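In: Pasting an experimental structure with its sequence.
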Amino acid sequence: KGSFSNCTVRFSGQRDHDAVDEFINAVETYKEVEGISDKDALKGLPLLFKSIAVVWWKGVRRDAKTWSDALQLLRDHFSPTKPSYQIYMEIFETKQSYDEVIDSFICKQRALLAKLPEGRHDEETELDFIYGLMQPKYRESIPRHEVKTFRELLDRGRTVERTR
Amino acid sequence: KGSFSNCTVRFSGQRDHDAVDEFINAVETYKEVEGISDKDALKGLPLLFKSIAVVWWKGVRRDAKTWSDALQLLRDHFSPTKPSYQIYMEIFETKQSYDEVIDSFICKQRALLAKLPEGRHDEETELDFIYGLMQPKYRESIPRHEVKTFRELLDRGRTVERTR
Amino acid sequence: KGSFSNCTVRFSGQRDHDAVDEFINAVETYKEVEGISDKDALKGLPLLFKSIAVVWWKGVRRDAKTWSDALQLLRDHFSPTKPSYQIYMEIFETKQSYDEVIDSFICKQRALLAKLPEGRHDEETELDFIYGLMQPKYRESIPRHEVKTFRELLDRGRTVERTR
Amino acid sequence: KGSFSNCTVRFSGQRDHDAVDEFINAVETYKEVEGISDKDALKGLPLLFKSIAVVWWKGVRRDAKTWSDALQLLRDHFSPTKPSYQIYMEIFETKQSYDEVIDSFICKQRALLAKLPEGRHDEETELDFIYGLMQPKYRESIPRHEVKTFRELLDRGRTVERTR
Amino acid sequence: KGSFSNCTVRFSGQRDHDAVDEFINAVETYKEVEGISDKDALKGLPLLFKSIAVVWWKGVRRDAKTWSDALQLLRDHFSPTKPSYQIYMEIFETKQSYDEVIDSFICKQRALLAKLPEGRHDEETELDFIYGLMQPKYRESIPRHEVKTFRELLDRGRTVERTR
């Protein structure tokens, strides 16, 4: 049923991890849903670029041969894959300011913790790294060693938020 | 005939009841009209998120297994389901100001009264809760005990509005 | 061939006669062109609302049963169907200002004269009601009793406009 | 394959020759490409108007019977078909200012010369009417009687432009 | 499956090399992917122009007979194909300013070097022409004669960028 005719999601070259990962996941998901072969998918790839990136594709066209190589090359030229110590310094710089919802803080911190190499941290030390930066509006009620998984922190945060 | 190819309605994370309920009802209605199966509908769900929420979906992907569970989880993480006393204080705070149409006031107050638990109020006390906040431009003509249902209030409000 | 999948024309609740009549005529025309049945058309109606009006449709869903009833209810809740004397006062308030084209004035005045009940006025008194408000730039050349229909007024107005 | 479902090009009523001619040519071209019959094309015409013009179509609906009559009526009510002496005064009013490209000047002047009645001018006097208003940056090099057609003027203008 | 029905990419007449080359490559790629014949593709070409360029197409319609001739004519009337010495003066005018990423500089300089006639320069002198304008933030670490191809320059530039 077609092969990359037209869609809303495009890519520009904004040089950030979130936009690049969102675009790659959306394209990779669309290919699986619509059911397009691997050889037919690479011919339609300049139908998505609209910016500086199409000038980037006019030069590096002869380096790609398969779909996985082109996707890894798009991940390599733009996502700079920052090292570990900048991430560990970026988590401890900004505390949770007053009058901010729990869910935005938790999803931003989880998206920041996903950048580390996989298999290096469990769930328990993951929650222990995040339990040291919350406001005293939430730390007065729920103590440590009672919340065992990463869902129960939000489950008890939404109760104190409604109570005020 | 396809399975969530592309559409105008998307979701961002605006943290409000009206936008979330509108998006969920529009998606739930589109699934019923187009005739898509339940197993095929969950594979196409990241084609709708475009914001902070796609970073939220990159983390909580392994918690969803059926369509109803994913819809209830999207209702739970964003719509905060406010308690009763804040609603009963929010209805009595703002009176109807001068030079405002009847229909906007009635639809906003009905959308505010839908947040209570279902089966707790009849139609008569529902109209009795709304008849105490209207302007004297409308309360001089129509008295109580004459309007029995919730349609006749608008039916007699549109007559006095045309008369001026 | 589908049933209200996606389209550009939507409705918000702007509270005016022109936008409501345009939206209703466009939807009614699209249903006739595409060839959709009456029972299939009502299931897809919340795919068009995008505003306050979808909160209005979450409350008055159980009042509609057929397509004509829903269309008349949408005409009733928003188009206020103003009385006659306000129209007859609105026609005689604004004269035709200098340096304005004939066609805009004629189409606006015809759209204002359509609001009266049908069958109350002929063509001759219709032109007699409009011939008293034009500029002396056009009334110096063409006199009364020479223009018999409503097309010849524009036909002789476009000649004097080109001449200047 | 459908009959005027939805498209980007619409019409508003901007009262100019270029926008009206572009819209009419695009619609006339789309009808020929998609292959739609003449009786099916007139039912879908209010799906394109979005402005004051739809109020204009609610009044003059009963005057159209064929496609050519409706197209000529749309050309008549909006394009005012200016007389000859205003065109001959409009060509000689604005000279070519300094630092402006040749191609924009030539295409604008050709679009202005198309408004005259057809068959009144050859190619030679057409170029003779345009050779009297160019800058001395171009008239120092190429003389008259050497450029015979209307293409060689641009062909020798692009050479002097690159040279500077 | 259709023949140029509607798409996002259009052309205006912006008079620059990048936008024209992007539009031509996107159209040429779409024709190859969708599988449209050469005779059917030329009838649908005024469905893409939306600007001054459609007035340009109303005049030069009778000069095109095949697809390749129309594409070369669109490349000729707008892309001015600048001479060599302006390019060789444009490369050496702007050095790499401080705090700018390597990839943007490399892709812009490659897109500028593509304008020369093909077959005039190898890869080695191509890298030698670009190695004289970089910042001392990168020239302190990597010396000449160690980087042999044009990929290893970026491969060693991304390492020093992460290190800081």
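Out: Now that the structure is in, tell me what you want to look at. Numbering: from 1, shown residues only, chains lettered A, B, ... in the order given.
In: from here on, contacts and neighbour counts on C-alpha atoms
Out: OK.
In: Run through the helices of chain A in chain order.
Out: For chain A, the helices defined by DSSP state H occupy A:17-34, A:38-41, A:52-57, A:67-78, A:84-91, A:102-113, A:124-130, A:136-139, A:152-163.
In: is the first one anywhere near chain E?
Out: This points to helix A:17-34. No. Remark: helix A:17-34 sits outside contact range of chain E, by C-alpha under 8 Å from any C-alpha of the partner chain, the gap being at least 14.6 Å.
In: what does that helix rub up against?
Out: Helix A:17-34 is contacted by residues A:1, A:9-11, A:71, A:75, A:78-79, B:3, B:43-44, B:46-47, B:54-55 when judged by C-alpha atoms under 8 Å, 6 or more residues apart in numbering or on different chains.
In: Tell me the one of these nearest chain D?
Out: Nearest to chain D among the contacts of helix A:17-34: residue A:1, at 15.9 Å, using C-alpha to the nearest C-alpha.
In: So what's the residue count around the nearest residue to the closest one once chain neighbours are set aside?
Out: The shortest distance from residue A:1 to any non-neighbouring residue, by C-alpha to C-alpha, 6 or more residues apart in numbering or on different chains, is to residue A:34 (7.2 Å). By other C-alpha atoms under 10 Å in any protein chain shown, 17 other residues sit near residue A:34.
In: Over to residue A:48?
Out: 20.
In: Can you give me every residue that contacts it?
Out: Taking C-alpha under 8 Å, 6+ apart, one finds A:6, A:9, A:10, A:11 in contact with residue A:48.
In: Please repeat the previous calculation with a cut-off of 6 Å.
Out: Taking C-alpha atoms under 6 Å, 6 or more residues apart in numbering or on different chains, we find residue A:48 in contact with residue A:10.
In: residue of chain A with the smallest distance to chain E?
Out: Closest point on chain A to chain E, by C-alpha to the nearest C-alpha, is residue A:56, at 5.8 Å.
In: now that residue: how far from residue E:110?
Out: According to C-alpha to C-alpha, to the nearest Å, residue A:56 and residue E:110 sit 9 Å apart.
In: same question, residue A:90
Out: Distance from residue A:90 to residue E:110, by C-alpha to C-alpha: 35 Å.
In: So for these two, which sits in the more crowded spot?
Out: Higher neighbour count among residue A:90 and residue E:110: residue E:110, with 17 against 11, using other C-alpha under 10 Å.
In: Now that one. Nearest residue, chain neighbours left out?
Out: residue A:59 (7.2 Å).
In: now do residue A:50
Out: Residue A:50 sits nearest to residue A:12 (C-alpha to C-alpha, 6+ apart), 6.3 Å away.
In: Please parse chain A into its domains.
Out: A:17-78, A:84-163 (automatic domain parsing).
In: Would you mind finding the most buried of the ones you listed?
Out: Burial of the domains of chain A is given as mean neighbour count (mean count of other C-alpha atoms under 10 Å in any protein chain shown); domain A:17-78 ranks first at a mean of 15.
In: Centre of the chain to that domain, how far?
Out: 17 Å (C-alpha atoms, centre = their mean, to the nearest Å).
In: Would you work out how far apart the start and end of it are?
Out: 8 Å.
In: what does stretch A:52-61 give?
Out: 15 Å.
In: Would you mind listing what in chain A touches chain B?
Out: By C-alpha under 6 Å from any C-alpha of the partner chain, the part of chain A that sits against chain B consists of residue A:107.
In: I appreciate the help and will end here.
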